[PDB]
>>> print(open('protein-v4.txt').read())   # compact mmCIF, N, CA and C atoms
# COMPACT_ATOMS: atom_id res chain seq x y z
N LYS A 1 157.67 112.82 -37.22
CA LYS A 1 156.26 112.40 -37.17
C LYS A 1 155.91 111.63 -38.46
N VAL A 2 155.02 110.66 -38.32
CA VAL A 2 154.44 110.01 -39.53
C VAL A 2 153.02 110.58 -39.66
N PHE A 3 152.81 111.37 -40.73
CA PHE A 3 151.48 111.91 -41.00
C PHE A 3 150.53 110.82 -41.44
N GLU A 4 149.27 111.06 -41.11
CA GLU A 4 148.23 110.30 -41.80
C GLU A 4 147.93 110.95 -43.15
N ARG A 5 147.41 110.17 -44.10
CA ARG A 5 147.28 110.73 -45.45
C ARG A 5 146.46 112.03 -45.53
N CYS A 6 145.25 112.06 -44.95
CA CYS A 6 144.46 113.30 -45.14
C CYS A 6 144.94 114.42 -44.22
N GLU A 7 145.57 114.08 -43.09
CA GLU A 7 146.20 115.15 -42.33
C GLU A 7 147.26 115.84 -43.18
N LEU A 8 148.09 115.02 -43.86
CA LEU A 8 149.13 115.67 -44.69
C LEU A 8 148.48 116.51 -45.77
N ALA A 9 147.44 115.98 -46.39
CA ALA A 9 146.84 116.69 -47.55
C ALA A 9 146.32 118.08 -47.13
N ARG A 10 145.63 118.10 -45.98
CA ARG A 10 145.14 119.41 -45.47
C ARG A 10 146.28 120.31 -45.04
N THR A 11 147.37 119.74 -44.49
CA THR A 11 148.51 120.59 -44.10
C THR A 11 149.14 121.16 -45.37
N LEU A 12 149.39 120.33 -46.38
CA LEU A 12 149.98 120.88 -47.62
C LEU A 12 149.06 121.93 -48.26
N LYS A 13 147.72 121.74 -48.24
CA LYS A 13 146.81 122.74 -48.80
C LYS A 13 146.94 124.08 -48.08
N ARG A 14 147.00 124.01 -46.74
CA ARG A 14 147.08 125.27 -46.00
C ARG A 14 148.42 125.98 -46.22
N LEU A 15 149.44 125.20 -46.61
CA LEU A 15 150.81 125.74 -46.81
C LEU A 15 150.95 126.16 -48.29
N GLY A 16 149.90 126.13 -49.09
CA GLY A 16 149.89 126.77 -50.41
C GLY A 16 150.44 125.85 -51.50
N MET A 17 150.39 124.53 -51.30
CA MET A 17 151.00 123.65 -52.31
C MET A 17 150.00 123.32 -53.41
N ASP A 18 148.70 123.47 -53.19
CA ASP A 18 147.79 123.00 -54.28
C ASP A 18 147.88 123.84 -55.56
N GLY A 19 148.48 123.34 -56.66
CA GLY A 19 148.58 124.10 -57.88
C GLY A 19 149.85 124.94 -57.90
N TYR A 20 150.75 124.81 -56.91
CA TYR A 20 151.98 125.61 -56.95
C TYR A 20 152.80 125.20 -58.17
N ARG A 21 153.15 126.23 -58.97
CA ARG A 21 153.87 126.05 -60.26
C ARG A 21 153.18 124.92 -61.03
N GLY A 22 151.84 124.88 -60.96
CA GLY A 22 151.07 123.99 -61.81
C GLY A 22 150.92 122.54 -61.33
N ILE A 23 151.41 122.30 -60.09
CA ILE A 23 151.43 120.95 -59.56
C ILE A 23 150.31 120.77 -58.56
N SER A 24 149.45 119.81 -58.85
CA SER A 24 148.25 119.56 -58.02
C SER A 24 148.69 118.99 -56.67
N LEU A 25 147.88 119.15 -55.61
CA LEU A 25 148.07 118.48 -54.31
C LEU A 25 148.23 116.96 -54.43
N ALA A 26 147.49 116.28 -55.34
CA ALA A 26 147.61 114.82 -55.43
C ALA A 26 149.00 114.44 -55.92
N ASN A 27 149.64 115.29 -56.76
CA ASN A 27 151.03 114.95 -57.20
C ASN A 27 151.97 115.11 -56.00
N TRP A 28 151.84 116.15 -55.20
CA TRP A 28 152.73 116.34 -54.03
C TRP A 28 152.53 115.15 -53.10
N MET A 29 151.30 114.70 -52.89
CA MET A 29 151.01 113.57 -51.98
C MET A 29 151.68 112.31 -52.54
N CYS A 30 151.58 112.10 -53.86
CA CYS A 30 152.22 110.89 -54.40
C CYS A 30 153.72 111.01 -54.16
N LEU A 31 154.31 112.18 -54.29
CA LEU A 31 155.76 112.33 -54.14
C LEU A 31 156.12 111.98 -52.70
N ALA A 32 155.43 112.59 -51.71
CA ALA A 32 155.74 112.31 -50.30
C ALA A 32 155.52 110.84 -49.97
N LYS A 33 154.47 110.19 -50.49
CA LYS A 33 154.23 108.78 -50.17
C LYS A 33 155.46 107.94 -50.57
N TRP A 34 155.86 108.11 -51.83
CA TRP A 34 156.89 107.16 -52.30
C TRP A 34 158.25 107.62 -51.80
N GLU A 35 158.46 108.90 -51.47
CA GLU A 35 159.79 109.27 -50.97
C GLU A 35 160.05 108.82 -49.53
N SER A 36 159.06 109.04 -48.66
CA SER A 36 159.32 108.86 -47.22
C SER A 36 158.23 108.04 -46.54
N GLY A 37 157.12 107.69 -47.20
CA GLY A 37 155.98 107.10 -46.46
C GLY A 37 155.35 108.13 -45.53
N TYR A 38 155.47 109.42 -45.84
CA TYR A 38 154.91 110.52 -45.05
C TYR A 38 155.66 110.64 -43.71
N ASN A 39 156.95 110.30 -43.66
CA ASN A 39 157.68 110.34 -42.39
C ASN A 39 158.65 111.51 -42.47
N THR A 40 158.56 112.48 -41.55
CA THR A 40 159.45 113.65 -41.54
C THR A 40 160.88 113.27 -41.12
N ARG A 41 161.06 112.14 -40.43
CA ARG A 41 162.41 111.84 -39.93
C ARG A 41 163.20 110.96 -40.90
N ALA A 42 162.63 110.61 -42.05
CA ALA A 42 163.33 109.74 -43.01
C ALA A 42 164.65 110.39 -43.44
N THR A 43 165.70 109.53 -43.49
CA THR A 43 166.98 110.00 -44.07
C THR A 43 167.48 108.78 -44.87
N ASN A 44 168.17 109.20 -45.93
CA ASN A 44 168.80 108.13 -46.74
C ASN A 44 170.19 108.63 -47.16
N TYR A 45 171.22 107.85 -46.83
CA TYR A 45 172.60 108.21 -47.21
C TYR A 45 172.90 107.53 -48.54
N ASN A 46 173.46 108.35 -49.43
CA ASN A 46 173.86 107.95 -50.79
C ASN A 46 175.40 107.80 -50.77
N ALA A 47 175.80 106.54 -50.56
CA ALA A 47 177.21 106.22 -50.30
C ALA A 47 178.09 106.65 -51.47
N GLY A 48 177.49 106.47 -52.65
CA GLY A 48 177.94 106.82 -53.99
C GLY A 48 178.52 108.22 -54.09
N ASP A 49 177.74 109.25 -53.75
CA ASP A 49 178.22 110.64 -53.91
C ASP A 49 178.23 111.37 -52.56
N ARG A 50 178.11 110.63 -51.46
CA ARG A 50 178.31 111.17 -50.12
C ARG A 50 177.27 112.22 -49.74
N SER A 51 176.09 112.13 -50.35
CA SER A 51 175.04 113.12 -50.00
C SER A 51 174.00 112.34 -49.21
N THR A 52 173.10 113.09 -48.53
CA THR A 52 171.99 112.47 -47.83
C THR A 52 170.66 113.14 -48.22
N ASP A 53 169.64 112.28 -48.28
CA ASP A 53 168.27 112.79 -48.53
C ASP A 53 167.51 112.91 -47.22
N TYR A 54 166.88 114.05 -46.96
CA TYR A 54 166.25 114.35 -45.65
C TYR A 54 164.74 114.62 -45.75
N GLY A 55 164.04 114.02 -44.79
CA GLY A 55 162.67 114.47 -44.51
C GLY A 55 161.64 113.88 -45.47
N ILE A 56 160.46 114.54 -45.30
CA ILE A 56 159.27 113.96 -45.97
C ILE A 56 159.40 114.00 -47.50
N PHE A 57 160.18 114.94 -48.05
CA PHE A 57 160.29 114.98 -49.52
C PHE A 57 161.64 114.42 -49.95
N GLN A 58 162.42 113.93 -48.98
CA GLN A 58 163.74 113.36 -49.30
C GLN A 58 164.54 114.37 -50.13
N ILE A 59 164.74 115.57 -49.63
CA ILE A 59 165.48 116.64 -50.32
C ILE A 59 166.97 116.40 -50.04
N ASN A 60 167.75 116.56 -51.11
CA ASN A 60 169.17 116.13 -51.09
C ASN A 60 170.11 117.24 -50.63
N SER A 61 171.18 116.85 -49.89
CA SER A 61 172.12 117.80 -49.28
C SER A 61 173.19 118.29 -50.27
N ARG A 62 173.26 117.72 -51.48
CA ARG A 62 174.25 118.29 -52.40
C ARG A 62 173.73 119.61 -52.96
N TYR A 63 172.42 119.66 -53.26
CA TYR A 63 171.98 120.89 -53.90
C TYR A 63 171.18 121.80 -53.00
N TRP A 64 170.38 121.29 -52.06
CA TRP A 64 169.31 122.13 -51.49
C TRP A 64 169.47 122.53 -50.02
N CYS A 65 169.97 121.63 -49.17
CA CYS A 65 170.12 122.03 -47.75
C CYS A 65 171.56 121.67 -47.43
N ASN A 66 172.04 122.39 -46.40
CA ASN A 66 173.42 122.14 -45.90
C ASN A 66 173.49 121.22 -44.68
N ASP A 67 174.34 120.19 -44.80
CA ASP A 67 174.50 119.31 -43.62
C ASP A 67 175.98 119.44 -43.22
N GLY A 68 176.82 120.21 -43.87
CA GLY A 68 178.23 120.33 -43.48
C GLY A 68 179.10 119.19 -44.01
N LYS A 69 178.59 118.01 -44.34
CA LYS A 69 179.60 116.98 -44.71
C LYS A 69 179.34 116.48 -46.13
N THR A 70 178.61 117.23 -46.95
CA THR A 70 178.39 116.81 -48.35
C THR A 70 179.36 117.59 -49.23
N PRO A 71 180.30 116.95 -49.95
CA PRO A 71 181.24 117.72 -50.76
C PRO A 71 180.39 118.30 -51.88
N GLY A 72 180.74 119.48 -52.37
CA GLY A 72 179.94 119.87 -53.55
C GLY A 72 178.53 120.31 -53.14
N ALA A 73 178.14 120.38 -51.87
CA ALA A 73 176.94 121.13 -51.48
C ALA A 73 176.89 122.60 -51.92
N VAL A 74 175.71 122.95 -52.43
CA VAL A 74 175.23 124.26 -52.90
C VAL A 74 174.28 125.06 -52.01
N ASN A 75 173.50 124.40 -51.16
CA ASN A 75 172.52 125.00 -50.23
C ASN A 75 171.55 126.03 -50.86
N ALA A 76 170.90 125.63 -51.95
CA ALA A 76 170.00 126.54 -52.70
C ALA A 76 168.79 126.90 -51.84
N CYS A 77 168.36 126.10 -50.84
CA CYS A 77 167.26 126.54 -49.97
C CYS A 77 167.71 127.43 -48.80
N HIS A 78 169.05 127.55 -48.63
CA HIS A 78 169.62 128.32 -47.51
C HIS A 78 169.00 127.88 -46.18
N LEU A 79 169.10 126.56 -46.02
CA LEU A 79 168.54 125.87 -44.85
C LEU A 79 169.54 124.85 -44.32
N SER A 80 169.60 124.70 -43.00
CA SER A 80 170.23 123.52 -42.38
C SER A 80 169.39 122.32 -42.78
N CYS A 81 170.00 121.17 -43.07
CA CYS A 81 169.23 119.99 -43.42
C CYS A 81 168.46 119.54 -42.18
N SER A 82 168.94 119.90 -40.96
CA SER A 82 168.09 119.45 -39.82
C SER A 82 166.71 120.12 -39.79
N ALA A 83 166.51 121.24 -40.47
CA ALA A 83 165.15 121.84 -40.51
C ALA A 83 164.18 120.98 -41.30
N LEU A 84 164.71 120.03 -42.05
CA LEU A 84 163.88 119.09 -42.83
C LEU A 84 163.65 117.84 -42.02
N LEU A 85 163.97 117.74 -40.73
CA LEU A 85 163.64 116.54 -39.94
C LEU A 85 162.69 116.99 -38.83
N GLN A 86 162.15 118.20 -38.90
CA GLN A 86 161.19 118.65 -37.88
C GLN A 86 159.82 118.05 -38.13
N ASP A 87 158.99 118.05 -37.09
CA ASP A 87 157.63 117.50 -37.19
C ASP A 87 156.78 118.53 -37.94
N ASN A 88 157.13 119.79 -37.77
CA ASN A 88 156.55 120.94 -38.50
C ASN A 88 157.15 120.94 -39.91
N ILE A 89 156.37 120.81 -40.99
CA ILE A 89 156.98 120.72 -42.33
C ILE A 89 157.00 122.09 -43.02
N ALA A 90 156.75 123.24 -42.38
CA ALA A 90 156.76 124.52 -43.11
C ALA A 90 158.10 124.75 -43.84
N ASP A 91 159.24 124.50 -43.19
CA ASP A 91 160.50 124.70 -43.93
C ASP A 91 160.71 123.68 -45.04
N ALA A 92 160.34 122.43 -44.85
CA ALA A 92 160.42 121.41 -45.92
C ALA A 92 159.59 121.89 -47.12
N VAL A 93 158.36 122.41 -46.88
CA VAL A 93 157.54 122.91 -48.00
C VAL A 93 158.17 124.13 -48.62
N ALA A 94 158.79 125.07 -47.89
CA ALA A 94 159.42 126.25 -48.49
C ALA A 94 160.52 125.79 -49.43
N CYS A 95 161.25 124.76 -49.03
CA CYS A 95 162.38 124.28 -49.86
C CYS A 95 161.82 123.49 -51.04
N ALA A 96 160.83 122.63 -50.86
CA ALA A 96 160.23 121.89 -52.00
C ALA A 96 159.73 122.91 -53.01
N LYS A 97 159.14 124.05 -52.62
CA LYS A 97 158.68 125.10 -53.57
C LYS A 97 159.90 125.64 -54.34
N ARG A 98 161.02 125.86 -53.64
CA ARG A 98 162.26 126.28 -54.31
C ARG A 98 162.69 125.23 -55.33
N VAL A 99 162.69 123.94 -55.05
CA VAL A 99 163.14 122.92 -55.99
C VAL A 99 162.34 123.00 -57.30
N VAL A 100 161.02 123.13 -57.22
CA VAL A 100 160.20 123.07 -58.45
C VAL A 100 160.17 124.46 -59.12
N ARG A 101 160.81 125.52 -58.60
CA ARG A 101 160.96 126.78 -59.33
C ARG A 101 162.07 126.59 -60.37
N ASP A 102 162.89 125.54 -60.37
CA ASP A 102 163.81 125.24 -61.49
C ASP A 102 163.01 124.61 -62.64
N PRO A 103 163.52 124.63 -63.88
CA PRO A 103 162.73 124.26 -65.07
C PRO A 103 162.16 122.84 -64.99
N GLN A 104 162.93 121.91 -64.42
CA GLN A 104 162.52 120.50 -64.29
C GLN A 104 161.25 120.37 -63.43
N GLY A 105 160.97 121.28 -62.50
CA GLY A 105 159.71 121.11 -61.74
C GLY A 105 159.85 119.86 -60.85
N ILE A 106 158.72 119.19 -60.71
CA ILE A 106 158.65 117.99 -59.83
C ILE A 106 159.41 116.79 -60.39
N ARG A 107 159.69 116.80 -61.71
CA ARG A 107 160.48 115.74 -62.35
C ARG A 107 161.83 115.67 -61.65
N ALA A 108 162.25 116.59 -60.80
CA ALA A 108 163.56 116.65 -60.14
C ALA A 108 163.73 115.43 -59.25
N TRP A 109 162.57 114.90 -58.87
CA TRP A 109 162.59 113.69 -58.06
C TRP A 109 162.31 112.47 -58.92
N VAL A 110 163.33 111.60 -59.03
CA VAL A 110 163.05 110.47 -59.96
C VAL A 110 161.90 109.57 -59.52
N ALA A 111 161.69 109.45 -58.19
CA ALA A 111 160.56 108.71 -57.63
C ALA A 111 159.23 109.23 -58.21
N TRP A 112 159.16 110.55 -58.42
CA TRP A 112 157.89 111.04 -59.01
C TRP A 112 157.72 110.46 -60.43
N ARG A 113 158.78 110.43 -61.23
CA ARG A 113 158.66 109.90 -62.61
C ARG A 113 158.37 108.41 -62.60
N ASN A 114 159.05 107.67 -61.70
CA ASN A 114 158.77 106.23 -61.67
C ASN A 114 157.39 105.90 -61.12
N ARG A 115 156.90 106.62 -60.10
CA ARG A 115 155.67 106.13 -59.46
C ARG A 115 154.43 107.01 -59.64
N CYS A 116 154.58 108.19 -60.24
CA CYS A 116 153.46 109.15 -60.15
C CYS A 116 153.18 109.71 -61.55
N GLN A 117 154.22 110.00 -62.33
CA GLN A 117 154.01 110.55 -63.69
C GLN A 117 153.15 109.62 -64.55
N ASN A 118 152.19 110.23 -65.26
CA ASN A 118 151.22 109.52 -66.14
C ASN A 118 150.50 108.32 -65.51
N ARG A 119 150.15 108.51 -64.23
CA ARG A 119 149.37 107.51 -63.48
C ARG A 119 148.18 108.29 -62.90
N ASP A 120 147.17 107.53 -62.48
CA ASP A 120 146.00 108.11 -61.81
C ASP A 120 146.48 108.46 -60.40
N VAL A 121 146.64 109.70 -59.95
CA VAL A 121 147.10 109.93 -58.56
C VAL A 121 145.97 110.49 -57.70
N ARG A 122 144.74 110.46 -58.20
CA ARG A 122 143.59 111.03 -57.48
C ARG A 122 143.37 110.38 -56.12
N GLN A 123 143.75 109.10 -56.09
CA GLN A 123 143.57 108.31 -54.88
C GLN A 123 144.25 108.89 -53.64
N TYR A 124 145.34 109.64 -53.86
CA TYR A 124 146.07 110.16 -52.68
C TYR A 124 145.27 111.25 -51.97
N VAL A 125 144.37 111.98 -52.62
CA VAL A 125 143.62 113.03 -51.90
C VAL A 125 142.14 112.72 -51.66
N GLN A 126 141.72 111.58 -52.20
CA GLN A 126 140.32 111.16 -52.03
C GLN A 126 139.93 111.05 -50.55
N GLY A 127 138.81 111.74 -50.26
CA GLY A 127 138.15 111.64 -48.96
C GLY A 127 138.71 112.67 -47.99
N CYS A 128 139.74 113.44 -48.35
CA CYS A 128 140.41 114.34 -47.40
C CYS A 128 139.81 115.75 -47.25
N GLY A 129 138.81 116.06 -48.09
CA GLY A 129 138.13 117.35 -47.82
C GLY A 129 139.00 118.49 -48.36
N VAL A 130 139.83 118.21 -49.38
CA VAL A 130 140.68 119.27 -49.97
C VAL A 130 140.03 119.57 -51.34
>>> encode(input="protein-v4.txt", output="structure tokens")
Amino acid sequence: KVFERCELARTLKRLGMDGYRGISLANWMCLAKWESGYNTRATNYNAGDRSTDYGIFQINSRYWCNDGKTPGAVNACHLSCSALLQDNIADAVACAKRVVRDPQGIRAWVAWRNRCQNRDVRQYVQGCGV
């Protein structure tokens, strides 16, 4: 599914993301925008290290979900990577919460540092009633 912006914002709020480990809803929205365009079916293969990024947060198969064909996979979310291509994002959010429980937090995604860190991100939640 491709979420609309305020639909996603209200879904992430209800799933407990606002302020999780100190990260505002507008930062999560900026991360999802630049990672996938709010598309749950996004996948990106990294030819370089043979891993794939899945779903709305583009979570990688070397460390977080298992796809069976990533060498050096760890599966820290204890999830099949196909659970990150569902239209329902509850499992994607459970795993994104696991990623930011490591010391790096949201910086784990370089897209967040390039497009969201030290920028005005208020625009992503404006008008959504969150």
>>> atom_distance(input="protein-v4.txt", atom1="atom N of residue 122 (chain A)", atom2="atom N of residue 100 (chain A)")
20.7 Å
>>> residues_around(input="protein-v4.txt", residues="residue 128 (chain A)", least_positions_apart="5", cutoff="7 Å", atoms="only N, CA and C atoms", output="PDB file with N, CA and C atoms, in the frame of the given file")
ATOM      1  N   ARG A   5     147.410 110.170 -44.100  1.00  0.00           N
ATOM      2  CA  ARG A   5     147.280 110.730 -45.450  1.00  0.00           C
ATOM      3  C   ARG A   5     146.460 112.030 -45.530  1.00  0.00           C
ATOM      4  N   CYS A   6     145.250 112.060 -44.950  1.00  0.00           N
ATOM      5  CA  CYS A   6     144.460 113.300 -45.140  1.00  0.00           C
ATOM      6  C   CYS A   6     144.940 114.420 -44.220  1.00  0.00           C
ATOM      7  N   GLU A   7     145.570 114.080 -43.090  1.00  0.00           N
ATOM      8  CA  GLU A   7     146.200 115.150 -42.330  1.00  0.00           C
ATOM      9  C   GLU A   7     147.260 115.840 -43.180  1.00  0.00           C
ATOM     10  N   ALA A   9     147.440 115.980 -46.390  1.00  0.00           N
ATOM     11  CA  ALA A   9     146.840 116.690 -47.550  1.00  0.00           C
ATOM     12  C   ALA A   9     146.320 118.080 -47.130  1.00  0.00           C
ATOM     13  N   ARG A  10     145.630 118.100 -45.980  1.00  0.00           N
ATOM     14  CA  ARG A  10     145.140 119.410 -45.470  1.00  0.00           C
ATOM     15  C   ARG A  10     146.280 120.310 -45.040  1.00  0.00           C
TER      16      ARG A  10
END
>>> closest_residue(input="protein-v4.txt", among="A:76, A:130, A:83, A:65", to="residue 98 (chain A)", atoms="all atoms listed in the file")
A:76
>>> atom_distance(input="protein-v4.txt", atom1="CA of residue 54 (chain A)", atom2="atom C of residue 42 (chain A)")
4.8 Å
>>> axis_aligned_box(input="protein-v4.txt", around="region 26-45 of chain A", padding_each_side="8 Å", output="AutoDock Vina command-line options")
--center_x 160.2 --center_y 111.7 --center_z -48.6 --size_x 41.4 --size_y 25.2 --size_z 33.3
>>> select_by_dssp(input="protein-v4.txt", residues="chain A", states="alpha helix (DSSP H)", output="ChimeraX atom specification")
/A:5-14,25-36,90-100,110-115
>>> atom_distance(input="protein-v4.txt", atom1="atom C of residue 31 (chain A)", atom2="atom N of residue 72 (chain A)")
25.7 Å
>>> residues_near_point(input="protein-v4.txt", point="(170.1, 123.5, -42.0)", cutoff="10 Å", atoms="only C-alpha atoms", output="count of residues only")
17
>>> residues_around(input="protein-v4.txt", residues="residue 29 (chain A)", least_positions_apart="5", cutoff="7 Å", atoms="all atoms listed in the file", output="number ranges by chain")
A: 9, 24, 34, 124-125
>>> residues_around(input="protein-v4.txt", residues="residue 30 (chain A)", least_positions_apart="2", cutoff="7 Å", atoms="all atoms listed in the file", output="ChimeraX atom specification")
/A:25-28,32-35,112,115-116,121,124
>>> closest_residue(input="protein-v4.txt", among="A:23, A:15, A:8, A:47", to="residue 117 (chain A)", atoms="only C-alpha atoms")
A:23
>>> closest_residue(input="protein-v4.txt", among="A:126, A:40, A:118, A:11", to="residue 87 (chain A)", atoms="all atoms listed in the file")
A:40
>>> closest_residue(input="protein-v4.txt", among="A:71, A:127, A:105, A:55", to="residue 86 (chain A)", atoms="all atoms listed in the file")
A:55
